[PDB]
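> An experimental structure, sequence included, is below.
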Protein chains: 12
Amino acid sequence: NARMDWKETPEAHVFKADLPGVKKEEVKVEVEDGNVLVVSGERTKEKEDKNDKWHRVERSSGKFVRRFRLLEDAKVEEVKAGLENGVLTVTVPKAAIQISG
Amino acid sequence: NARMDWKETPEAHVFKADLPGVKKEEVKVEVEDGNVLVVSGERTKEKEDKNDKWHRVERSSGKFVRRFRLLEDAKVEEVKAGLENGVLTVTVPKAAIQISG
Amino acid sequence: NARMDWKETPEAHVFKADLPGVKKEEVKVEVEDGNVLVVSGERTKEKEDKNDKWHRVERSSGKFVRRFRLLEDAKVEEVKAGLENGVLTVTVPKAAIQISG
Amino acid sequence: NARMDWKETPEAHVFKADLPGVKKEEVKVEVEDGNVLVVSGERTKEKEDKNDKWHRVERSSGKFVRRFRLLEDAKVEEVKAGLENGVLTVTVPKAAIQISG
Amino acid sequence: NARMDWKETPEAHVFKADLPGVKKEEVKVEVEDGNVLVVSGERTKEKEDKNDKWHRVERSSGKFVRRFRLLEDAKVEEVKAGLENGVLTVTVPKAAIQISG
Amino acid sequence: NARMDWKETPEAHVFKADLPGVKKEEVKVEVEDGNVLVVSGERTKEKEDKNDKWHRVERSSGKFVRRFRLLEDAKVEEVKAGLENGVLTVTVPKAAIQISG
Amino acid sequence: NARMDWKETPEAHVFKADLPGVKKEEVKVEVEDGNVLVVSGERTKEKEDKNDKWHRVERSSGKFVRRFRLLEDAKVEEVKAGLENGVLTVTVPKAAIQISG
Amino acid sequence: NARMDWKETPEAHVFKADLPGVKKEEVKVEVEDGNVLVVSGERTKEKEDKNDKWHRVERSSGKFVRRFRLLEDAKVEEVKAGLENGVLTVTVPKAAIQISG
Amino acid sequence: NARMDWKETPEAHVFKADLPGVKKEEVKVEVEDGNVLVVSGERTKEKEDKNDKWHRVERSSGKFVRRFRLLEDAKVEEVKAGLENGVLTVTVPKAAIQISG
Amino acid sequence: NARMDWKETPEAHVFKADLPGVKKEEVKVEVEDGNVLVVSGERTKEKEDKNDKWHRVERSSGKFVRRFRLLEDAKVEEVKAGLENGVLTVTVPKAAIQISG
Amino acid sequence: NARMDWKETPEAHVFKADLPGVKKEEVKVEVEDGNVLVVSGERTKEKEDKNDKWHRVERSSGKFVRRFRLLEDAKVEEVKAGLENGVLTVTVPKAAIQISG
Amino acid sequence: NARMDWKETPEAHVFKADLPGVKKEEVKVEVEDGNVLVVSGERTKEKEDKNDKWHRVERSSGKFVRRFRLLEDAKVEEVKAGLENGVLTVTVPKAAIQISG
């Protein structure tokens, strides 16, 4: 329910999470024990027409929690998190031989 | 792989598609052969530079194609397509036995 | 799991269902969404008392549900349903070449 | 073709067999070597309209023989066997510690 | 024993069947219930030298029957069928949304 | 995959190959390294135009290669090769104990 | 959760059960229908520091019941059961040819 | 196979091991290479005499070895080891974000 | 190494064992605990030409022991055992319902 | 399945076959096509009477066929075949580098 | 294509790589980010007789890259690498609890 | 497992074998039974001392044996064997149809 990427540019650690149709009130980005990024949530039920006929349902998301061990304790007040076009983004600012023989 | 739901309302058949990270300029919504809904586009890979370092990669990228066969009598000229929060929505407007023994 | 046969006569489509041990008060035969035959009911489990002792149990019990899509032009008001000897029967009334080259 | 249950109430041994659509002339309940209940048979071909179109056929029963070893020699004249609603029923009348160490 | 292709050019439906070493007296192309093409047959035994030694035998064809549901009732007198170079050929003559959001 | 049989007559070793839809201009019959029969060619794919529509495709196309090792003493200069009705034929001309106890 | 051994010395039947970290108030040794030894129980939750961090947990025991059919009705008042070093012990006191042809 | 848990308290890392039927004289607790906890010993097989008869054998016997890597800064001289009720315990003393974007 | 059959004629229990190339000094038929027939042995090494070339070896027999529980204690002095044509033979002399309901 | 060994002596190629329970009148030893040793026969099934009762059946019965290709120069007229103790024997009479670097 | 061993003697880290038939101009030993040994290469095509007949080819090596994380930053000028008898060798010079209870 | 190639030149059959880390004193090249090339030897394991520590082991050691059947007419007395760079080389000196239809 949350395929994620983790990239380390020289300037910061950038995490991406595919969370299509999720609202910020349903996602949570926290930091634990100084160096553990935590991403969790649960896409709400679509308050769509009760009585509709469901021909096919592939999109089936649920609760989930993910954790990553940062290489260095993060300055929590500098961590940025944005949700856009179904993608959550968490940015964490960082501080030849010769053969013969 | 674009996940899609197919629901039916009294007024129309509604299709949903998870397309996180896709801008409306990368998605195409059409009707082929007169009655085949075709949802396609590309989830562009952010190749970037070699200065970067990847610690985890789970998100997919590339081309996606989805086809549904609409009714021979569907408001093909009235199909709407909306894209918000990584979710695409296509609206296709529509034209007790008593046991013996 | 209720086993069902689907045969077609010049006059109607006939459905058969093995429902051993089911009284007609436990079976329901309907037509949903205008053209979907729905056969459902329950094969009640004879729980009994603890004085009893079971040496073998192979027979199933519980709920069963079966759906067939009838023709958009079927005598929906003329569907009959009979139950005898553990078999349910539903009657849905209906509205050479030469080689060479 | 003959899922069966065997229950032992204090009063007798009760066997059940799902034989939907079977006629008594097609089933046989015998007793062998004093303590062996034997159930066998074969559902006859439905002498239904020769020429019918078979859309779907799940109900496919054939010949079969089953045997159970009774705990005590049975009084064959007291054994009752009835067929109803596709279910064959054969009734056979019968005659803390302390831890420490 | 009869790998087949089905192509629909604007002018007609063209079926191909690999029937190597088969003679027209062994193949049959019929039409059933107005819209069902039927191809069947059985390659005859090669009346070759009785007593020959069979080192290796891969070519092992047998009886077979195939059916296709035509999109429209075919005019049986217009259906052409030819056998040549092991290939049977049956020809059947026929008669952008702008994304909001 | 070209299916081939290998039979032996008092006069010669006979090879058969199913090559439906192959013209004699697309098949090659040779003898390599002095004693290796090589049957090869191509089953050309009828690509055609985009106006067409494919409903079924089971027939293969492309290159095929088959090799058999003949006898060090075989009429290599007398090998014949015939092609008819999708079947290729290659003719390679050829140069009781009583139990005791 | 209760690997057990059953040894029959001439003097008695000896059963062993690995029940590490289990307290007698959590294990039960009973005798049913005269000749059926029954061993059951459930290791209690370690009332250890609520809040501890669990790095690795392999020891994961739960509820269980085991039964053995004694060769002879046991004198229940003579059955001894002791728990020591994680091992439950239940003691039940008991009362050539020539070839040629 | 000795099952072990690894928990961490504010004061120390605690290890547990199921060792039913093992006397403290058969268990060894050490620290190798300066920081590797090594728990090993043997669960002696009670071979006995041939007068005996085995009806069931599920309990294992033989040698067991377990290794955990402690911290380069752990009270290696303050490690305690207790054994009671078939369970070994080793005590190794120790030295939200906003979404928007 | 000893495929065996066990037949019970009214007169006796007859066991057969395929022991090709085995000599009586290599087979053993015993009786244990009054009612347990025991067949064991081991085909000796063929004292054939040391230095021979072994192209193919399928016949590969070894040690084996088999036991059967007789229905009645056998009179050991009456048990006959003969070896002939690779077959060991051990002979042990012995002493409808109505449906309706 | 008749198990056979194939050994070679300076004087001849020797074949062995396990044929327990087979009389020399049921075995046939021949040489087909001039150089193919053919060992065949039948291990007759002792059907017997219905008075009998089978408790175990592991021995096979029926036809067996074995073929070995002898040398184009083998004493085909001098092949012997012996049968004893369930084993068939067929005797087919026969017509250091120094590492540089 | 490069099975490797890594041994740590007190004096240094010794890596071995089976690179049969490889020339030093085809192998590369580098050091990255201070503590990462890297071994890569590709055995060249044997400039042997173009036209030769290949009966059997098992030796099939290709491109490859391997990396190991050294325990300590290596002094690159002290790293020795020799190729001999198909084996690459890379040498990297380095700088009881009493049970209570 | 010694990987070997078998190529044929107009002058001889050439065999190659990957034998990294094997000195010519550990390899043996012979011709058994008059026409069987036998390449064998041992890849000695460098057991060493306990002061050492192994972090990775992928290279194999032990005995290896390879056999190829040469021609009944091969220069058995002219076979050469060279060993260089972990590769062993053994040199064994050697003594269009028009399609009708």
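That came in fine, so what should we check first? Residues are numbered from 1 along each chain as shown, chains lettered A, B, ... in the order given.
> ranges for the strands of chain A?
Taking DSSP state E as the test, the strands found in chain A are A:4-8, A:12-18, A:27-32, A:36-41, A:53-56, A:64-69, A:80-84, A:87-93, A:99-100.
> Which one of the ones you listed lies nearest to residue F:56?
strand A:53-56 (24.8 Å; Cβ to Cβ). Backbone N, C-alpha and C define where each C-beta goes, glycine included.
> from the middle of its chain, how far away would the closest one be?
Distance of strand A:53-56 from its chain centroid, counting by Cα atoms, centre = their mean, to the nearest Å, is 30 Å.
> Tell me what the residue most central in space within chain A is bridged to.
The residue lying closest to the centre of chain A (Cα atoms, centre = their mean) is residue A:17, at 3.8 Å. Counting by DSSP bridges, residue A:17 is bridged to residue A:4, residue A:88.
> Now residue A:66: closest residue in space that isn't a chain neighbour?
Distances taken as Cβ to Cβ, 6 or more residues apart in numbering or on different chains put residue A:39 closest to residue A:66, at 4.7 Å, once the chain neighbours are dropped.
> how close does that neighbour sit to chain C?
Counting by Cβ to the nearest Cβ, to the nearest Å, the gap from residue A:39 to chain C is 40 Å.
> Please name the bridge partners of that residue.
Beta-bridge partners of residue A:39, as defined by DSSP bridges: residue A:29, residue A:66.
> Pull up the residues of chain A that are close to chain C.
residue A:53 (Cβ under 8 Å from any Cβ of the partner chain).
> circling back to that earlier point, in terms of contact, does the residue nearest to residue A:66 touch residue A:83 like I think?
No. Counting by Cβ atoms under 8 Å, residue A:39 does not reach residue A:83; the two are 11.3 Å apart.
> about what we covered before: okay, the strands of chain A in TSV with distance to residue F:53 next?
Shown next, in TSV, are these (distance: least, Cβ to Cβ, whole Å):
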stretch	distance to residue F:53
strand A:4-8	40
strand A:12-18	36
strand A:27-32	46
strand A:36-41	45
strand A:53-56	25
strand A:64-69	43
strand A:80-84	41
strand A:87-93	38
strand A:99-100	61
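> Closest residue of chain A to chain K?
residue A:101 (1.7 Å; Cβ to the nearest Cβ).
> and the closest residue to residue A:56 other than its chain neighbours, what does it touch?
Residue nearest to residue A:56 in three dimensions, not counting chain neighbours: residue B:6, with 4.0 Å by Cβ to Cβ, 6+ apart. Residue B:6 makes contact with A:54-57, B:13-15, B:68, according to Cβ atoms under 8 Å, 6 or more residues apart in numbering or on different chains.
> 10 Å - rerun?
Taking Cβ atoms under 10 Å, 6 or more residues apart in numbering or on different chains, we find residue B:6 in contact with A:53-58, B:13-16, B:37, B:68, B:90, B:92.
> Same check on residue A:58?
For residue A:58, the contact set (Cβ under 10 Å, 6+ apart) comprises B:1-6, B:16-18.
> Which two among those residues are spaced furthest apart?
Greatest spatial distance among the contacts of residue A:58 (Cβ to Cβ): B:1 and B:6, at 15.9 Å.
> what's the burial count for the closest residue to chain B within chain A?
Of all residues in chain A, residue A:86 sits closest to chain B, at 1.5 Å by Cβ to the nearest Cβ. Neighbourhood size, residue A:86 [other Cβ atoms under 10 Å in any protein chain shown]: 22.
> Next, the contact list for it, please.
Residues in contact with residue A:86 (Cβ under 10 Å, 6+ apart) are A:17-22, B:18-22, B:83-88.
> Residue A:55 reaches residue B:69, doesn't it?
No. Assessed by Cβ atoms under 10 Å, residue A:55 is found out of contact with residue B:69, at 11.5 Å.
> Settle it for me: which of those two has more neighbours?
The neighbour count for residue A:55 versus residue B:69, taken as other Cβ under 10 Å, is higher for residue A:55 (13 against 10).
> which ones are touching the more buried one?
Residue A:55 sits next to B:5-8, B:13-15, B:68 when contact means Cβ under 10 Å, 6+ apart.
> Please apply the same query to residue A:7.
Residue A:7 makes contact with A:13-16, B:46, B:48, B:52-57, according to Cβ under 10 Å, 6+ apart.
> Pull out the buried residues from these.
A:13-16 (16 or more other Cβ atoms under 10 Å in any protein chain shown).
> What count of nearby residues applies to the nearest residue to residue A:70 once chain neighbours are set aside?
Take residue A:70 and drop its neighbours on the chain: the residue closest to it by Cβ to Cβ, 6+ apart is residue A:35, 4.2 Å away. Using other Cβ under 10 Å, residue A:35 is surrounded by 14 other residues.
> ditto for residue A:76
By other Cβ under 10 Å, 12 other residues sit near residue A:76.
> now residue A:42
There are 15 residues near residue A:42, going by other Cβ under 10 Å.
> wait, isn't it in contact with residue A:21?
No. Using Cβ under 10 Å, residue A:42 is not in contact with residue A:21, being 11.8 Å away.
> Please identify every residue contacting each of the two.
Residues touching both residue A:42 and residue A:21 (Cβ under 10 Å, 6+ apart) are residue A:61.
> residue in chain A nearest to chain L?
Nearest residue of chain A to chain L (Cβ to the nearest Cβ) works out as residue A:99 at 12.7 Å.
> For that residue, give me its contacts.
Counted by Cβ under 10 Å, 6+ apart, residue A:99 has contacts K:22-29, K:41, K:80-83, K:88-90.
> Excluding chain neighbours, give the residue nearest to the residue of chain A closest to chain K in space.
Once flanking residues are discounted, residue A:101 sits nearest to residue K:82: 1.7 Å by Cβ to Cβ, 6+ apart.
> Would you mind confirming that that neighbour makes contact with residue K:24?
Yes. If you go by Cβ under 10 Å, residue K:82 and residue K:24 touch, sitting 9.2 Å apart.
> which neighbours do those two share?
Contact with both residue K:82 and residue K:24 is made by residues A:98-101, K:88, according to Cβ under 10 Å, 6+ apart.
> Among these, name the buried ones.
Listed as buried from the shared contacts of residue K:82 and residue K:24 are A:99, K:88; burial here means 16+ other Cβ under 10 Å.
> Export the shared contacts of residue K:82 and residue K:24 as TSV, with columns for distance to residue B:73.
Formatted as TSV, those follow (distance: Cβ to Cβ, whole Å):
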residue	distance to residue B:73
A:98	79
A:99	76
A:100	81
A:101	82
K:88	73
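> Can you tell me which of the shared contacts of residue K:82 and residue K:24 lies closest to residue G:73?
Using Cβ to Cβ, residue K:88 comes nearest to residue G:73 of the shared contacts of residue K:82 and residue K:24, at 75.5 Å.
> For chain A, which residue gets nearest to chain H?
At 1.7 Å from chain H, residue A:82 is the closest residue in chain A, using Cβ to the nearest Cβ.
> Who does that residue form a beta bridge with?
residue A:89, residue H:100.
> What is the neighbour count of it?
By the measure other Cβ under 10 Å, the count of residues near residue A:82 is 15.
> Identify the residues contacting it.
By Cβ under 10 Å, 6+ apart, the contact set of residue A:82 is A:24, A:29, A:88-91, H:98-101.
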